[PDB]
Amino acid sequence: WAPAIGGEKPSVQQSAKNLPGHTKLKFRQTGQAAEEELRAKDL
RNA sequence: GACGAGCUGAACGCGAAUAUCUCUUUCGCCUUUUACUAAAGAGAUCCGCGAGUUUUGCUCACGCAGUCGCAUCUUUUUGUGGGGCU
């Protein structure tokens, strides 16, 4: 009938799924549809 | 034309030692979840580690000092001299 609304010291409990991982982002390079590469062509 | 041991800082980098975890999958335990198995991958973490001057702490030490702004017989520094012609 009505869901829970999810509004937002800090607690020091550390989850296992919250440990560092995939700590850098991949960006699209030349050759993977990067934005500056794709203005150049007629799609 | 010339001199370090120990600690914390460095900011850059992974000889031989290696454990844990997370995720995405498969496989096996198999009632369920933990807790596990063993494969494929993708990611972290731990415990450590090397060099640059920063000096803190020596308990060592220094300056007419090791170095300064190849030395007479045929092939090299002991030259073959002197004159004069267009």
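Each chain gets a letter, A, B and so on, in the order the sequences are listed, and its residues count up from 1. These values consider heavy atoms only, across backbone and side chains, with no hydrogens, waters or symmetry-generated copies.
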B/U22 glycosidic torsion: syn (within 90° of 0) vs anti: anti

For B/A44, the sugar region implied by its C1'-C2'-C3'-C4' torsion sign: north

Output field: Watson-Crick/G-U pair B/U31 B/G43, thresh under 3.5 Å: no

Any A/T23 side-chain N or O less than 4.0 Å from OP1/OP2 of B/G43: no

Syn or anti for B/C21 (syn when the glycosidic angle lies within 90° of 0): anti

Watson-Crick or G-U wobble mate for B/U59, both contacts under 3.5 Å: none

Short side-chain to backbone donor-acceptor contact, A/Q29 and A/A34, under 3.5 Å: no

Nucleotide paired to B/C46 in any strand shown, Watson-Crick or G-U, under 3.5 Å: none

Interatomic distance at P, B/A51 relative to B/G57, whole Å: 23 Å

Proximal nucleotide (of B/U22, B/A42, B/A44) relative to the A/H22 side chain: B/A42

Adjacent-base stacking, B/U74/B/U75, criteria 5.5 angstrom and 30 degrees: no

Nucleotide B/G43: sugar north or south according to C1'-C2'-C3'-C4': north

Complementary nucleotide for B/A10 - Watson-Crick or wobble, under 3.5 Å: none

Syn/anti label of B/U37 as read from its glycosidic torsion, with the cut at 90° from 0: anti

Where the sugar of B/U74 falls when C1'-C2'-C3'-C4' decides north versus south: south

Syn/anti state for B/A35 [syn: chi within 90° of 0]: anti

North or south sugar at B/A10 (positive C1'-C2'-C3'-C4' torsion counts as north): south

Span that lies between the P atom of B/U53 and that of B/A11, in whole angstrom: 14 Å

Base pairing of B/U55 with B/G82 (Watson-Crick or G-U, both distances under 3.5 Å): no

Base-pairing result for B/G13 and B/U34, Watson-Crick or G-U at under 3.5 Å: no

Pucker class of B/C7, where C1'-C2'-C3'-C4' positive means north and negative means south: north

Closest contact, heavy atoms only, A/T30 versus A/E36: OG1-OE2, 4.4 Å

Spacing of the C1' atoms in B/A10 and B/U56 (rounded, Å): 14 Å

